[PDB]
Amino acid sequence: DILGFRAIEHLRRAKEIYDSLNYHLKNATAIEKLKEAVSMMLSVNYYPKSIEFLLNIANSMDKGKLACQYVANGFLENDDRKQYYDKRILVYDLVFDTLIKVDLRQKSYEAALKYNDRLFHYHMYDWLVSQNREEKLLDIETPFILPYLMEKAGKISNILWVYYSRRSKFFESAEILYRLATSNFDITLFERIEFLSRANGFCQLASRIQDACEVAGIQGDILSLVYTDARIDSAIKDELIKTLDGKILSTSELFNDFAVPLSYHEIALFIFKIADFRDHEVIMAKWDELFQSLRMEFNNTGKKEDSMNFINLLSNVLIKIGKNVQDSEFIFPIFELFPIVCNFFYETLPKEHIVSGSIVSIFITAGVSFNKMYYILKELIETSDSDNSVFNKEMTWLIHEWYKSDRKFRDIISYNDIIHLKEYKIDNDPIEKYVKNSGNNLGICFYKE
């Protein structure tokens, strides 16, 4: 009571004016009263040691660590008495209310920070996030910053856009953006992926990250299609869109709840690759649909235009999904597929609109090497007892396409020994001949630039 009036006087004399400052410090050791005392401290620019004062007082009453236990329950019953917590917050708030006023102003911040009190920092930080000084957190090097961010991990995206940033160590950063992308709060794919584009960049984890990138991408495709697709209402779309941007989904869900009812057959195919499906029948069953749908939209008038136009778009669709699934031999059985393609070509287009090379150029452009494409075709020719009039024209086009594309190839067979082959034959084979003399070493795979 009186001791308080005396302390207030000790600070009153200081105001009229270092000694009285010490008399105020000691005066403490001995609520709205406690505010007043400070207000006068500051009149003489007494901030830094004012804070310590306030803090020391906060620690002097709890003496100690009882509030901490109250929080471990965070209860409304007496828990480890709430009173202690409710008290310190008031002091804390005053430490903030004063910090605000410092708006040489850095010597007052590095006091609070450079001061052992978890609860305080936990609350200083909370106080920083409130007035959006979130980025300032990224400039804090206290032993209590780390845990704080960790605990508050799960607008938390700020805490996390703060965390993966925070970590200048890549492992930890990535492990964060991963969960960031696989989380529950609404976060568009474009960011879910940029989280992965980032997370990936830093690098079992790789495993789960890549998988994610892949499945995510598929949704992006399905999503892009739902736009163009005219079989949908914009609200349906939207509902769907909500589901697509919103998270990564079970493949079977992606397949059964989308690719099928929406007959996006390329998708289902690409899915097959990632999931590592192999059942030839079902794989081919899906290829069949692909071609059969393609057929529906075509308009055969016998004109050289509609033919080419379709040839193009057809070659286009194929090369796309081709690039995506070519590296798989079960999703991309070139031996079973190339025929079917040619077949698809003639079964639809006027024979006179089909040019030698139109079919094979697709696989080549898809990402298949000249080397692989060659042997498969050669087999296809010597395996069948039929005419092979079609494959021959293609092979003829292919060999001519290789020579004029690879110097390494012209270095084995002369321009003379190439202009001869107008239609392919096992004995006319310029490659077969060069092998019966120099060996079967055609050098590394030659792809299309």
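Cβ placement follows ideal geometry from the backbone for every residue including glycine, while neighbour counts extend to all protein chains displayed. Each answer follows from the model by the rule given with it, or from the source it names; these are not laboratory values.
Among residues of segment 274-301 that are assigned by CATH to the domain that holds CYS342 and under 15 Å from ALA259 (Cα atoms), those with a Cβ under 9 angstrom from a residue that is surrounded by 16 or more Cβ atoms within 10 Å (Cβ to Cβ) and among the aromatic types (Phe, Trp, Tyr), sequence gap 6+ or separate chain, pair up as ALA275/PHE255; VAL282/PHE272; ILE283/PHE272; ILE283/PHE277; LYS286/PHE272. When residues in segment 391-429 are screened for being buried (at least 16 other Cβ atoms within 10 Å of the Cβ) and either within 45 Å of the chain's Cα centre (by Cα) or basic (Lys, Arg) (or both), 15 of them pass.
Look at segment 211-240: where a residue is part of a helix (DSSP H, G or I) and a partner is exposed (fewer than 12 other Cβ atoms within 10 Å of the Cβ), sitting 6+ places away or on another chain with Cβ atoms under 8 Å, you get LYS237/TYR227.
Conditions tested, residue by residue: (1) within 45 Å of the chain's Cα centre (by Cα); (2) assigned by CATH to the domain that holds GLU9; (3) not charged (D, E, K, R).
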position	(1), (2), (3)
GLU36	no, yes, no
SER43	no, yes, yes
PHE53	no, yes, yes
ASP80	yes, yes, no
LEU90	yes, yes, yes
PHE96	yes, yes, yes
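For segment 171-210, the tally of residues that are in a helix (DSSP H, G or I) and either among the hydrophobic types (A, V, I, L, M, F, W, C) or touching a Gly at 6+ places or on another chain (Cβ under 6 Å) (or both) stands at 16.
Listed here are the residues, each with its yes/no results for (1) surrounded by fewer than 17 Cβ atoms within 10 Å (Cβ to Cβ); (2) within 18 Å of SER315 (Cα to Cα); (3) in the same structural domain as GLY443 (by CATH); (4) in contact with a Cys (Cβ under 7 Å, 6 or more places away or on another chain).
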site	(1), (2), (3), (4)
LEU349	no, yes, yes, no
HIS353	no, yes, yes, no
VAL360	no, yes, yes, no
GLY367	yes, yes, yes, no
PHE370	no, yes, yes, no
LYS378	no, no, yes, no
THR383	yes, no, yes, no
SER386	yes, no, yes, no
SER389	yes, no, yes, no
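Of the residues making up segment 228-251, those that are within 21 Å of the chain's Cα centre (by Cα) and closer than 21 Å to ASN324 by Cα are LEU244, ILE248, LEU249, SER250, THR251. Applying the criterion of being surrounded by 15 or more Cβ atoms within 10 Å (Cβ to Cβ) and part of a helix (DSSP H, G or I) to the residues of segment 252-268, the residue that is farthest from the chain's Cα centre (by Cα) is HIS265. So which residues in segment 93-131 are within 18 Å of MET40 (Cα to Cα) and assigned to a helix (DSSP H, G or I), if there are any at all? Hits for segment 93-131 are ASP93, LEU94, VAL95, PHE96, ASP97, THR98, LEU99, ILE100, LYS101. Filtered by the rule that a residue be within 24 Å of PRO147 (Cβ to Cβ) and either surrounded by fewer than 13 Cβ atoms within 10 Å (Cβ to Cβ) or small (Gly, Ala, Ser) (or both), segment 67-92 gives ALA67, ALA72, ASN73, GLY74, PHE75, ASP86. So, in segment 394-412, exactly how many residues are closer than 13 Å to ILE364 by Cα and acidic (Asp, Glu)? Matching residues across segment 394-412 total 2. Of all residues assigned to segment 373-393, at least one qualifies as being under 22 Å from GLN292 (Cα atoms) and among the β-branched types (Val, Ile, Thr). In the set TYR178, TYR148, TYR164, only one residue is among the aromatic types (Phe, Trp, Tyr) and over 17 Å from the mean Cα position of the chain (by Cα); that residue is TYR148. Filtered by the rule that a residue be of a type in the set (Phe, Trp, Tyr) and either in the same structural domain as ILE274 (by CATH) or touching a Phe, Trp or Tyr at 6+ places or on another chain (Cβ under 8 Å) (or both), segment 179-213 gives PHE195, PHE202. Selection of segment 226-259 for residues being touching a helix residue (DSSP H, G or I) at 6+ places or on another chain (Cβ under 7 Å) and within 20 Å of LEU318 (Cα to Cα) yields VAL226, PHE255, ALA259.
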